[PDB]
């Protein structure tokens, strides 16, 4: 099954519902089910990559596409005061779904340090 069987691969294949912001041939943007900000969504590749630590050199454009889509969706969602983009890697980074995903959070003042 293309994209794998994590919750994210199932969302890609429309097997589990999600609230979809934007979709193209390379990625999917949808809202997070447990938001940590007034606006909190995810941008994920449709290609399954388990984590950024195993991304290949040829995934450069796909990862860059994740951030460009992230900043376009943020603008379309009216996050004009700013937002924060987060990729987590592994146990210390806080990763709980092993499919590469970009968090985009906004609608409030984000604090420092970022966790």
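Positions refer to the first chain, counted from 1.
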Stretch with the greater mean C-alpha B-factor as recorded in the entry, comparing 70 to 78 against 28 to 36: 70 to 78
Per the entry, higher mean C-alpha B factor between 57 to 65 and 83 to 91: 57 to 65
Highest recorded Cα temperature factor - choice among 103, 19, 99, 10: 99
Residue 43, C-alpha B-factor rank within chain (lowest, middle or highest third): highest
